[PDB]
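*Asks:* Need a 3D model of the sequence below.
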Amino acid sequence: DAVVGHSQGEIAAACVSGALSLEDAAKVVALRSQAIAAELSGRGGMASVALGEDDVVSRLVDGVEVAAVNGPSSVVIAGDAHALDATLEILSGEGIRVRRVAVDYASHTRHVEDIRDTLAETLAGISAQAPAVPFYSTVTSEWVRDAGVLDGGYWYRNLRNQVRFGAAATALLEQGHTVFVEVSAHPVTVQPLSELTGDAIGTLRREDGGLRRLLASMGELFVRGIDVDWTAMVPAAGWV
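*Replies:* Numbers count the residues shown, from 1 in each chain. Please find the structure below.
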């Protein structure tokens, strides 16, 4: 009924939602990942401060901007490494649970304002068709129902401007959406979503990326209430 994601998590959230062709989505993601590797590395990092937007912004130092609004009680910060170290020392002095994440590239900050023309050149005219499944956008916080509009400009803007995940999730909850199926190799968006709605199922986990975890996630989705076609996994046999 909809597919949601965060930044890079919005790539295939636009691919299988009827808003991207497979080949051009592959082109987009290859260019994005190579651009991230080439330039953004060694220019910052993410630190999760286990507080909401107001609490973290009351303590935000210069040079660091809120990475995204992930929830009224969970907001990550991103900025220059020295300011991150100072803010983390201050937070530890305050005793608030704060956790770095080993990211060498500062994402969705001022650093993105330098290679914008590169993304514009590389992502010009990508076949991002009109979504047969309408994804409520997060850059502008409204449903997009046009064909060919979603070019590399909004992709760069998602890569640059702060993502309003909390507002988008609240709007989706208020518009009747309840089931949030988190699909990745390890849960990252489950915690915030679950603290907001209490219904979140992750697909894979660390060290358990085999078939068994896939069937477990499918079973969780099936027991949640949605119907799944189990006949594909198991073929026919004799009478028992």
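
*Asks:* Show the residue spans covered by the strands in this structure.
*Replies:* 45-49, 64-66, 75-79, 98-101, 180-182, 200-202 (DSSP state E).

*Asks:* what sits up against the first one?
*Replies:* With contacts defined as Cβ atoms under 8 Å, 6 or more residues apart in numbering, strand 45-49 is touched by 55-56, 59, 67, 74-78, 81, 84, 87-88, 91, 96, 98-104, 106-107. Yep, even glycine has a C-beta here, placed from its N, CA and C like the rest.

*Asks:* number of nearby residues for the residue lying closest to residue 112 once chain neighbours are set aside?
*Replies:* Leaving aside its sequence neighbours, residue 112 sits nearest to residue 160 (Cβ to Cβ, 6 or more residues apart in numbering; 3.9 Å). The number of residues packed near residue 160 is 18, by other Cβ atoms under 10 Å.

*Asks:* The one 3 residues further on too?
*Replies:* Applying the criterion other Cβ under 10 Å, we find 22 residues in the vicinity of residue 163.

*Asks:* now the strands of the chain as TSV including distance to residue 20 and mean neighbour count?
*Replies:* What follows is the strands of the chain, written out as TSV (distance: least, Cβ to Cβ, whole Å; neighbours: other Cβ atoms under 10 Å):
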stretch	distance to residue 20	mean neighbour count
strand 45-49	26	21
strand 64-66	28	19
strand 75-79	26	24
strand 98-101	28	14
strand 180-182	19	19
strand 200-202	23	21
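
*Asks:* Turn the ones you listed into CSV, including distance to residue 151.
*Replies:* As requested, these are exported to CSV (distance: least, Cβ to Cβ, whole Å):
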stretch, distance to residue 151
strand 45-49, 27
strand 64-66, 25
strand 75-79, 25
strand 98-101, 30
strand 180-182, 28
strand 200-202, 31
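
*Asks:* quick one: which of the ones you listed is nearest residue 226?
*Replies:* Residue 226 sits nearest to strand 180-182 of all those, at 8.9 Å, using Cβ to Cβ.
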